[PDB]
Amino acid sequence: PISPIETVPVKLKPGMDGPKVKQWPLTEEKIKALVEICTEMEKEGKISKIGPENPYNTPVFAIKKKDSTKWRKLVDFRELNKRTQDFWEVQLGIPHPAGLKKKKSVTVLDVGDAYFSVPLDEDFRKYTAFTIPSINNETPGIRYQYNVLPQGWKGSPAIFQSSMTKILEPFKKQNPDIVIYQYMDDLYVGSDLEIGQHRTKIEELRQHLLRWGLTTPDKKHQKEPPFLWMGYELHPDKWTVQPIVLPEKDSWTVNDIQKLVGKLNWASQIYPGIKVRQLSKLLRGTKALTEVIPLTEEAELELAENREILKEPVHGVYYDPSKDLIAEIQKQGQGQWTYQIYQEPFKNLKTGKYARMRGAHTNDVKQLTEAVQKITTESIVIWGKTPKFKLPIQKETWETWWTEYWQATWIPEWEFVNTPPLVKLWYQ
Amino acid sequence: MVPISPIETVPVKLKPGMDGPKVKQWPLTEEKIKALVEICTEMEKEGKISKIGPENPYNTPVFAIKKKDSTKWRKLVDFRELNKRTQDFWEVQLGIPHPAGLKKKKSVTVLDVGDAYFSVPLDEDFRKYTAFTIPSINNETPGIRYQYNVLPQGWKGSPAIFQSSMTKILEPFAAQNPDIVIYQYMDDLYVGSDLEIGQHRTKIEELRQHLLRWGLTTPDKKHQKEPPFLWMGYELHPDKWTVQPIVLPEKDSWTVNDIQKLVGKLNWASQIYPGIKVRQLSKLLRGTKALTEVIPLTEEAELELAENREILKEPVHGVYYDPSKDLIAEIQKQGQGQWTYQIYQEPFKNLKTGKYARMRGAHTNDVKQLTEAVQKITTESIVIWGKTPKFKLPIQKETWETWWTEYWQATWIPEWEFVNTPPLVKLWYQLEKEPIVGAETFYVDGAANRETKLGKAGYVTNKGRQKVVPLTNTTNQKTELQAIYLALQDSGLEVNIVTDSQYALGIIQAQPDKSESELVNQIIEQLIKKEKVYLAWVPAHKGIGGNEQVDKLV
Ligand SMILES: Cc1cc(C)c(Nc2ncnc(Nc3ccc(C#N)cc3)n2)c(C)c1
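Protein sequences, first through last, are from chains B and A.
Going left to right, the first sequence walks through residues 1 to 428 as the entry's author numbering numbers them.
Going left to right, the second sequence walks through residues -1 to 552 as the entry's author numbering numbers them.
As structure tokens, this is what we get:
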């Protein structure tokens, strides 16, 4: 029956050597955490020390998950993954689970319980090398390589996919309504059920996964830490590409109309049909900015037709699973953060807003990192792939502080907007 | 016979797809040959090399050099072709320790593993790849063929394997002795402790005892080196540290070298003595890249070397790190995009100092710069001490709040307190959020012809005030700023200004307090004198009120 003796073969692409990425500085406390963790990971055969014959390196650090006090280990496998051959197999990313984003509720489960009990290809382990650095580099950094499937790797879920399907067999047959997705170390579970009823279905699958792993005799014991007891709640049943809205006023100043026209002219790149001739006609002349201009009957109509156009959503807007997803974020002040997700300029697959005041608002960066997580998570639910971010932050600031607030086992790619969007208030 | 433990080899390979070289053995002199044979005979009797045959088609050119006019020679094997074909290793020397991060020690000793080095074997399947040949006398015999059995003293992978091998050996000793610290560099070995010289000297014995369990001969004798040690350009006392003395040279015709890096001499040493500038000396490399050139030392780069030889007068020592006491960093503004800092635990006892130079931007402001310096200092402090220092900064709390709350980018400074040491970093002006009631509205506009480089700039207002000025040799971007500049010059202390220039707005929204462009500075100059300024944008060519593109396209 059982035969986990064989290791699933993995390779890279020709011309691409393994990941050689510098380890970035860590703080004392996160160093201690990684010391004790890796001490036990080696004592559980998951990793093992290596000599200087191994030149490869992938950065590593330490986070703390939501509502938890236990230091966890994250490995920034972003360079290995993209160097890791496009995992051509039964799973390159699952058949598009579009029912997932329609469900009333969606709970996210950390299935980092994990990919242990599964060895790794001996010739490939060298490519998962990492260093635990020391303060001031006073002692040589502790080096390791993974002996089993590591968390954060893109090949890890695509290898366990043959194993994970069988674990979800009593389930998925009992509740054919429930959609189940898997991205990285995360297993997303969605349902059209009432919140009380929905919360119960998760506890069922939780006690159910206490069978194939975590607890129970062996049979089926083994596997990496059972840190799954938590689960965030998502409601994609409450979302959209938010409408562009114009002011409704009884009196308009020259400034008001100057802004209105600015906003409509911008929107016209998105909605062909927008006109501003009649609104601009009121402006003509050099009136003071605070002077009230009464709307003429021609201008009022043009405003009305503009509302119409904007009420109707954008046309010709389709997803393309080959192209990259791009997320832009703007800081609006007062803990408000707007964002857009698109593939083509002015073709938004999704816009939204974020305003959560927790560990805030005196730290923009803490707010921004959480915003990035939220937007990435939504983006995992909708298209099954993270977007490349455009963060309104100087590279240096972000690189110094983001790891202090990050709580996700995955990490998106990002770049840095250095020029202020003129279009900032238009997206509020 | 007391048995010793083997030193496990390290699986070395060549770069994939390649193989060992076959470099020509160049002809020698009879005396150089006679020297090498004696040398290679000794090395063989110790096990450092071995005799091989014709089965080995690999060759490395080995030669001889005199030992500074003496009776003894020196055997040199050119592994330069060996390193280009050897695989890469994990070097750990990258990112050396910084003295300011070390802790005080009562006693610090230096051992020597000169014999342990050749006690470290080489991977046998790789020894074949290390073969050299001594031409015989008169080429009337087959030259002797040798291979290494140990880490060769010129091979690419010799340090990394020596270091790794040595660490694995020291590990249990350092573990059962948590009350001491061990460190290794090259042939040296450092042991420190807070022990009385009796207990300390006896533990040094135990370490040599430890190394003899693997067959590593160690000095024991009263070592010919005492604190302070000279290490990586540092002077390391067991209680103090400072750089190896910095005396700025005295010359009249300073050329390319003695001012510009190179590696020395102010930046490598700005890590300990405070209030040091280098930009005016650094600006002497802008737009230049000469092999040799007596570069004109401006009278702006002497005033820096007048303070540099004022700070280098009284030498400063650096203290070691006390993990109990708090860690503190303090910053000062030095003007010209320059910033200086000291990190200390006790006042005036600087663990280390430093400087930050602003980035190569077109416009900028003090607050942004300070922020960067803070991040650099922060990242550096995590490297050295494993924590972020508490900051003292020449910026009011209220100032910091106004900036970050109203700044389009996300920004952050770790825990910090106001220190009142001028010049204080400030906001020079703040743009209104709403149009100002009662303030004149200046509609401005600027354009230029691409060909003639001729254009115009000016404004019209609600009060009837108008102006257009013709401009020679100018651009679209130039005329758009000039337009705003004019409205600023001619308006009262409060003003509303309407422009269509996305460019101009994007510059002024950035809130610079200084710029490369003089036209931007004159605007900044004008902004500062104003009470309230509201700057509004409208799209171009939509006949939007006031906006008369007709006055500038003429
Ligand atoms: C050159 C060197 C020497 C040693 C003993 C170490 N290891 C180490 N680890 C923690 N604290 C101190 N502290 C320390 C204090 C004074 C001296 C002198 N002279 C040397 C070291 N050293 C290191 C990292 C470098």
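Where a beta carbon is used, it is the ideal one built from N, C-alpha and C, also for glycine.
- Ranked by how close their Cα comes to the Cα of B/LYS275, the residues B/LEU282, B/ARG284, B/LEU283 and B/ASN265 have B/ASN265 in first place.
- In the displayed model, A/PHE130 falls within a strand according to three-state DSSP.
- Beta bridge pairing from DSSP links B/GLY333 with B/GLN336.
- For the set A/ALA327, A/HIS221, A/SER105 and A/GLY335, the Cα lying nearest the Cα of A/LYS512 is the one of A/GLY335.
- Under a 10 Å Cβ-count criterion, A/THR439 is classified as buried, with 16 or more other Cβ atoms of the shown protein chains found around its own Cβ.
- Listed along chain A, the residues sitting closer than 8 Å to B/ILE31 by beta-carbon distance are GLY384.
- At least one CB atom of chain B sits nearer than 8 Å to the CB of A/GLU370.
- In the structure shown, the three-state DSSP call for A/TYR146 is strand.
- Annotated three-state conformation of A/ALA327 is strand, per DSSP.
- Annotation for A/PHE77: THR58, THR128, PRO150, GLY152, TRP153 and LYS154 place their beta carbon closer than 8 Å to its own, counting only its chain and skipping 5 residues before and after.
- When distances are taken from the beta-carbon of A/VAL381 to the heavy atoms of ligand 1, even the shortest one reaches 7 Å or more.
- Within chain A, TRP402, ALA408, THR409 and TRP410 have C-beta atoms less than 7 Å from the C-beta of B/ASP364, given in sequence order.
- For B/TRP252, no Cβ of chain A is located within less than 8 Å of the residue's own Cβ.
- Remark: the shortest separation between the CB of A/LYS102 and any heavy atom of ligand 1 falls under 7 Å.
- In the structure shown, A/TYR441 falls within a strand segment according to DSSP collapsed to helix, strand and coil.
- The beta-bridge partner set that DSSP reports for B/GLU415 consists of B/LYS390.
- In the same chain as B/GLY316, and ignoring 5 residues on each side of it, no C-beta atom comes closer than 6 Å to its own.
- Chain-ordered listing is empty here: chain A has no CB closer than 9 Å to the CB of B/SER48, the nearest sitting near 14 Å.
- Rounded to whole angstroms, the separation of the alpha carbons of B/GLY15 and A/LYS22 is 32 Å.
- Taking C-beta atoms as the reference points, A/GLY444 and A/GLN487 fail to come closer than 8 Å.
- Note: A/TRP71 is bridge-paired with A/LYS64 in the DSSP secondary-structure output.
- Boundaries of the beta strand (DSSP E) around A/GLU233: 232 to 234.
- Straight through space, the alpha carbons of A/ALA485 and A/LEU391 are spaced by roughly 37 Å.
- Considering only beta carbons, the part of the segment 281 to 304 of chain B lying closer than 7 Å to chain A consists of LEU283, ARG284, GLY285, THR286, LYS287, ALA288, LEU289 and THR290, in chain order.
- For the segment 363 to 410 of chain B, the continuous alpha helix (DSSP H) assignments of 4+ residues that do not extend past its boundaries occur at 364 to 383 and 395 to 401, in sequence order.
- By DSSP's assignment, B/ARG143 forms a beta bridge with B/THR131.
- From the listed residues B/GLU248, B/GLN367, B/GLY262 and B/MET184, the smallest Cα separation to B/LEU109 is found for B/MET184.
- Going by beta carbons, B/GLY384 and B/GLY93 fall inside the 8 Å limit.
- The three-state secondary structure of A/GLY504, taken from DSSP, is helix.
- For A/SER162, DSSP records no beta bridge to any residue.
- Cβ neighbours of B/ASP76 within its own chain (closer than 8 Å, five residues either side excluded): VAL21, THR58, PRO59, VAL60, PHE61, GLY152 and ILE411.
- In the structure shown, A/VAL292 adopts coil according to DSSP, grouped into three states.
- Taking each of B/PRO9, B/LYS64 and B/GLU29 in turn and checking the Cα distance to B/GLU89, the smallest one comes out for B/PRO9.
- Judged by beta-carbon spacing, B/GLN340 lies within the 8 Å limit of B/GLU328, meaning their Cβ atoms are closer than that value.
- Counting along the chain, A/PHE124 sits inside the alpha helix (DSSP H) bounded by residues 122 to 125.
- In this structure A/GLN330 is buried. Its beta-carbon is surrounded by 16 or more other beta-carbon atoms within 10 angstroms.
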